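*Asks:* give me the fold of what follows.
(chains A, B, C, D, E, F, G, H, I and J, ligands or ions: 12)
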Amino acid sequence: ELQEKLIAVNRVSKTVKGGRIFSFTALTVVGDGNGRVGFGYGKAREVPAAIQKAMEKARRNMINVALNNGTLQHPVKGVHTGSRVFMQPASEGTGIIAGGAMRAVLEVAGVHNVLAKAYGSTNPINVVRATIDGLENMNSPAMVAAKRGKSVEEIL
Amino acid sequence: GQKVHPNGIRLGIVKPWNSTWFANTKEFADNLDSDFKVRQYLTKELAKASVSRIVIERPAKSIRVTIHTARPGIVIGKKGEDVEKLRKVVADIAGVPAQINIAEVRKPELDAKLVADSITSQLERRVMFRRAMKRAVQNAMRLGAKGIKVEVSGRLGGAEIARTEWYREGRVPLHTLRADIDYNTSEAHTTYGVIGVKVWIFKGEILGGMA
Amino acid sequence: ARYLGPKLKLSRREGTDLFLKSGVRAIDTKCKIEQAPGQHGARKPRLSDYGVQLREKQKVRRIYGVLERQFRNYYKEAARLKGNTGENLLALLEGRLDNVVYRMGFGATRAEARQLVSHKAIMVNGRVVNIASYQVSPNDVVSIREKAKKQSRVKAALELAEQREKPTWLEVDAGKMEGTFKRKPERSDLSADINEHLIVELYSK
Amino acid sequence: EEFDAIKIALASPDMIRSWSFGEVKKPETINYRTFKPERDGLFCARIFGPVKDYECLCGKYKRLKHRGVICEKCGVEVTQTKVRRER
Amino acid sequence: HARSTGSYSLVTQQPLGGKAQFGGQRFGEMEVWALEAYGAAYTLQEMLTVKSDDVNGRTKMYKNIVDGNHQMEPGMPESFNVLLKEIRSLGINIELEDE
Amino acid sequence: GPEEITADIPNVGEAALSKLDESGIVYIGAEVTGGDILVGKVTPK
Amino acid sequence: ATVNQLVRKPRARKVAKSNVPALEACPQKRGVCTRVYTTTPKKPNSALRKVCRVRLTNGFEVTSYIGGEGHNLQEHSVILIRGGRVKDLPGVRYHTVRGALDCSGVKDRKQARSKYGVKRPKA
Amino acid sequence: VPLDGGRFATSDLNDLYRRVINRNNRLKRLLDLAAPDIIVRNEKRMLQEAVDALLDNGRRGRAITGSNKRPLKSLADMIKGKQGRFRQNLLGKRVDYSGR
RNA sequence: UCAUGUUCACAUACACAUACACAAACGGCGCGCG
RNA sequence: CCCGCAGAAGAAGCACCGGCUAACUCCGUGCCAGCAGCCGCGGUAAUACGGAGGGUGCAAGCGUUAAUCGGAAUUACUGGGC
Ligand SMILES: [Mg+2]
Ligand SMILES: [Mg+2]
Ligand SMILES: [Mg+2]
Ligand SMILES: [Mg+2]
Ligand SMILES: [Mg+2]
Ligand SMILES: [Mg+2]
Ligand SMILES: [Mg+2]
Ligand SMILES: [Mg+2]
Ligand SMILES: [Mg+2]
Ligand SMILES: [Mg+2]
Ligand SMILES: [Mg+2]
Ligand SMILES: [Zn+2]
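*Replies:* Numbering: from 1, shown residues only, chains lettered A, B, ... in the order given. Ligands and ions are numbered 1, 2, ... in the order given. And now the structure:
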């Protein structure tokens, strides 16, 4: 049921006594499609085993994001190692008009209307971690009104 | 590094010979030549019968072929007709009266030469070598082999540079002379050359040493 | 301004049936549809993402017979019209007059419908329209004129339209050789396989 | 549906229409070379429902995401084929 | 002959009958009076629904048995829904009722 | 389309096919049990 | 940087120079080859590529590259030149136009004839 | 259901509804083409005498048949009695987990 | 105490095995067992 | 603009196919000839040079060069850093 898709399969290397030992790392993102997402990063000698380990890691440690009807709650910025991300909620029918890995994450999280941009570096790993950060640190009216102690109609 | 032929180094200790006879220096070479010819023609004929192992045994009055394969139905057919015809042809090749006996191997997945022929057929029909090897290893392990190790070599998937890929699943000890390591090799003749295939299959450390 | 090459070739390239022939004879009998066109057809190299966006665009464009400049113009018109860009694009493309003719069945294929609309057999509200890409507006009485109302191919295509399943937003009377456009088609009233989003994002790259 | 009694009566014409999902028109069932049900015959997949497990007849849709869309190639509803015995 | 599970008929989902088919024995009419003549109600409920006819309950039962839970959810047999439609296929409006 | 009798059966290995001959019929004198393939028929598509 | 410093001395965007100055923002310019010669490329390539020291109309003297397989040019020849660097001839920032005043047509080109100024053969 | 090769099992009701719908197709035609009383009383009789088959074949003067005088089983023949739902499939039915 | 080493040149997203899921049905006519 | 006239009859190119980028095989040649927007290809089996066939993309045009903006958060007021 969990819709899952890989993003980047890179071939990394380690030099050893004889020559070079190659190895692949696949970074995949899974999500139920209703608001719970999670990314995983696997590495192995072969692409299939790599992807499968990545997907196991991703199927564990998923998070919740306070969703509002296939779009976000408020403009949110996130920063990780090199990537910086700006994700803005958008109107109905806009589409997931965003970068590559950003598209992947938001799409499996289920968000169908979002304006995104990846300032700074574009390294898929950091951009995905920054997107997950920017999706996590988004609170919904319920959350914020609970946190201040009012009604949902007082904060709006 | 260069390895020792496992079946060879285990001969006498664990494995039994293929050919079994005694003949003095005058007869020996001719015995060996006849056996080479009969094995040649036998393989060429039963390319499809999945012939694991021939055994030649001539008790000085005849020749007894004992052929372990997985398709007695295919090598025999209706009422031993192909059997007896092959027998008369073997008799003409060898130059003595002949006799064929067929043994049926139960697990076609655990015989080295059988696995080799299967992988070679897959490669000749141009399947993905990686997937072929993986499926072979899974078949053998799920059948229950204590260990198995396969290796394909050369021009893998039509590449210019050759290299050797190999998988090992479980434990396959070679230096343990009392370990029944089945071994075999094969050649897949593809449009880019020969692709070699080696298969070790470790079945168990048999301590008594029967034959 | 028109594609003049083999049609089943396009069908093979897409993979699907694009309905470029009348469908009297089965496509499996006319060609190996399960195979890409040419010597190097039998191969599915993992398609790129932009590649599949392109493929969807080509599928729709070669179902409808629209060159890419006109198709990008349609895309822009859709971007202008408010609402959902995909459904709007489908609305324009379907509202094409040659498409309305093929829909009401006065032509075996959309190619034949364009042929007759070009050779002046089609009249909207008594005014003979010669441009196949005319934009039929809602509640337009589009008729066939007499001179090509004798056309044997026209009548045979009427029968084959009775063979096809009829669209719901078009009221066409065969005996009177007269259709009427009533309402813009719904996405659900068009074929479902085509994904709006592919074309949308492809042009909004 | 849970219940706790049973009632029987004559069905008025409007009730009988209400039970309907379509009106049958053609005296036919399935083709005699291929074996698709002939539309508006006694098996028409758009009257009663789709034949394939959770996927549609015209081929346009084959995944639970489309569950409950009605196509416009032939007009079938994509739904549980189990309901083909219900309607 | 013996059957754990296997085929079911198409018109109504009760098991096939046979040895030439992997069939279930008929718990026929007289046996049901025999259960009713003990107090045995749950046995009967099972025998003619969960073990037999209820297209949900039998797959939930099977899983509860492999789980070893020894519990059933009994529902309502689909052969009886066949009856309703075969009457409602006459102009006879039969229906289930609530209170 | 037309069927074939064969040993080239899809989705089955020598573990079963060992009793067929090369034509696609069981050997006479084969001793058989449940699930043995006696005749390797196959259908197109 | 403080808004105050930016006020005192605004930000003046980096100016990206022309990559082809001798064309003077004009798509092609005429030339008269002073000297046609061959030069060897830079690592890792190896060839003997054909280049002409050419005198523009405006007075600049550049080194133009001679595309296509085979040329019939010499000195005192009127050519037309366009932009684009060769790369493996460091210091050559112009191409010659094939099929121009003296830059003749290539022979037996059946693909990219528009690139190389060759006629449409008997078709 | 198909059986041994490309043949459908003669599935009785679909022969009865086929009778009805054929007759109804004709009757709509002959009504709208405005046939005279004697013709429509023909088809209207044949239709009433067909729906008679579909409901309870054989309470008519004679049961209709499609073989060597085998009467086709109609709906009311599926409800009632010794081979019909109430006795055959509801009151007592075949069960899994059994053997003999 | 102990210098130098000509130029270029080294495997990459799992789009399956005679897409996932999918294991024999209904009526006569008989014979026989209980 | 309309009506009538006979005839498929009078009307298809250009670029690209190693990756970015949609779309491959054979031959010719052998770090030569050559290509090239960037990475690179070519030193006797060239999917990258040339030819062929095949295909892909645009279409009465297609490509090349020149020019600006965007991409470039790459003068960072919105929106950088030491
Ligand atoms: Mg400069
Ligand atoms: Mg020196
Ligand atoms: Mg050095
Ligand atoms: Mg490509
Ligand atoms: Mg070129
Ligand atoms: Mg060559
Ligand atoms: Mg290239
Ligand atoms: Mg080339
Ligand atoms: Mg134009
Ligand atoms: Mg800027
Ligand atoms: Mg900086
Ligand atoms: Zn559909």
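
*Asks:* does stretch H:69-84 come close to RNA strand I?
*Replies:* Yes. Stretch H:69-84 reaches RNA strand I (CB under 7 Å from any atom of the strand) through H:70, H:73, H:83. Where C-beta positions appear, they are placed from N, C-alpha and C, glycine not excepted.

*Asks:* and if you look at stretch B:163-171?
*Replies:* Yes. Interface with RNA strand I: stretch B:163-171 contributes residue B:163 (CB under 7 Å from any atom of the strand).

*Asks:* ditto for stretch G:85-104
*Replies:* No. Under the criterion of CB under 7 Å from any atom of the strand, stretch G:85-104 makes no contact with RNA strand I; the nearest approach is 12.2 Å.

*Asks:* so for that stretch, first residue to last residue, what's the gap.
*Replies:* Using CA to CA, to the nearest Å, the end-to-end distance of stretch G:85-104 comes out at 21 Å.

*Asks:* mind listing what's buried along that stretch?
*Replies:* For stretch G:85-104, the buried set under the neighbour-count rule, 16 or more other CB atoms under 10 Å in any protein chain shown, comprises G:86, G:89, G:92-100, G:102-104.

*Asks:* so what's the gap between that stretch and the chain middle?
*Replies:* Distance of stretch G:85-104 from the chain centroid (CA atoms, centre = their mean, to the nearest Å) equals 4 Å.

*Asks:* identify the residues contacting it?
*Replies:* G:19-20, G:22-23, G:28, G:30, G:39, G:41-42, G:45, G:47, G:49, G:51-52, G:54, G:62-68, G:71-73, G:77-84, G:105-106, G:115-118 (CB atoms under 8 Å, 6 or more residues apart in numbering or on different chains).

*Asks:* then stretch B:159-170?
*Replies:* B:129-130, B:133-134, B:137, B:140-141, B:145-156, B:198, B:202.

*Asks:* what residues of it count as buried?
*Replies:* Under 16+ other CB under 10 Å, the buried positions of stretch B:159-170 are residue B:169.

*Asks:* re earlier: farthest-apart pair in the buried residues of stretch G:85-104, please.
*Replies:* Taking CB to CB as the measure, the buried residues of stretch G:85-104 span a maximum distance of 23.2 Å, between G:93 and G:104.

*Asks:* helices along the chain, start to end?
*Replies:* Unless you meant another one, I'm taking chain A. Counting by DSSP state H, chain A has these helices, from start to end: A:47-59, A:100-109, A:124-136, A:141-148, A:152-155.

*Asks:* wait, I meant chain E there
*Replies:* Here chain E has its helices, by DSSP H, at E:29-37, E:42-45, E:57-66, E:78-88.

*Asks:* element containing residue B:85?
*Replies:* helix B:81-94 (DSSP states H and E).

*Asks:* can you tell me what sits against that helix?
*Replies:* With CB under 8 Å, 6+ apart as the contact definition, helix B:81-94 has outside contacts at B:34, B:37-38, B:41-42, B:45-46, B:58, B:63, B:65, B:75-77, B:97-100, B:102.

*Asks:* output it as PDB, restricted to C-alpha atoms.
*Replies:* Output in PDB follows, covering the C-alpha atoms of helix B:81-94 (Å, rounded to 0.1, in the frame of the first residue of the first chain):
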ATOM      1  CA  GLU B  81      14.200 -47.900 -28.100                       C
ATOM      2  CA  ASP B  82      16.600 -44.900 -28.000                       C
ATOM      3  CA  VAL B  83      18.400 -46.800 -25.200                       C
ATOM      4  CA  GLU B  84      19.100 -49.900 -27.200                       C
ATOM      5  CA  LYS B  85      20.000 -47.900 -30.300                       C
ATOM      6  CA  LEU B  86      22.500 -45.900 -28.400                       C
ATOM      7  CA  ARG B  87      23.800 -49.200 -27.000                       C
ATOM      8  CA  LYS B  88      24.500 -50.600 -30.500                       C
ATOM      9  CA  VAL B  89      26.100 -47.300 -31.600                       C
ATOM     10  CA  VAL B  90      28.300 -47.400 -28.500                       C
ATOM     11  CA  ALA B  91      29.200 -51.000 -29.300                       C
ATOM     12  CA  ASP B  92      30.300 -49.900 -32.800                       C
ATOM     13  CA  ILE B  93      32.300 -47.000 -31.400                       C
ATOM     14  CA  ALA B  94      34.100 -49.100 -28.700                       C
END
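
*Asks:* so for it, what gets flagged as buried?
*Replies:* B:82, B:83, B:86, B:87, B:90, B:91, B:93, B:94.

*Asks:* among the residues of stretch H:69-84 next to RNA strand I, who's most crowded?
*Replies:* residue H:73 (16 neighbours; other CB atoms under 10 Å in any protein chain shown).

*Asks:* and it, what does it touch?
*Replies:* Contacts of residue H:73 by CB under 8 Å, 6+ apart are H:12, H:13, H:57.

*Asks:* just to revisit the earlier point, most packed of the helices of chain E?
*Replies:* helix E:78-88 (a mean of 17; mean count of other CB atoms under 10 Å in any protein chain shown).

*Asks:* re the thing from before, out of the residues of stretch H:69-84 next to RNA strand I, the closest to residue B:108 would be?
*Replies:* Within those, the smallest distance to residue B:108 is 51.6 Å, found for residue H:83 (CB to CB).

*Asks:* the residue nearest in space to the middle of chain G and chain H, how far apart?
*Replies:* For chain G, the residue whose C-alpha lies nearest the mean C-alpha position (CA atoms, centre = their mean) is residue G:94; its distance is 1.5 Å. Remark: distance between residue G:94 and chain H (CB to the nearest CB, to the nearest Å) = 76 Å.

*Asks:* specify the beta-bridge partners of that residue.
*Replies:* residue G:64, residue G:83 (DSSP bridges).

*Asks:* now it: how far from residue G:79?
*Replies:* Using CB to CB, to the nearest Å, residue G:94 is found at 10 Å from residue G:79.

*Asks:* shared neighbours, those two?
*Replies:* Joint contacts of residue G:94 and residue G:79 (CB under 8 Å, 6+ apart) are G:54, G:64.

*Asks:* quick one: the spatially most central residue of chain D from RNA strand I, how far?
*Replies:* Most central in chain D under CA atoms, centre = their mean is residue D:48, positioned 1.4 Å from the mean C-alpha point. To RNA strand I, residue D:48 is 16 Å away according to CB to the nearest atom of the strand, to the nearest Å.

*Asks:* residues contacting that residue?
*Replies:* Residue D:48 touches D:21, D:22, D:84, D:87, counting by CB under 8 Å, 6+ apart.
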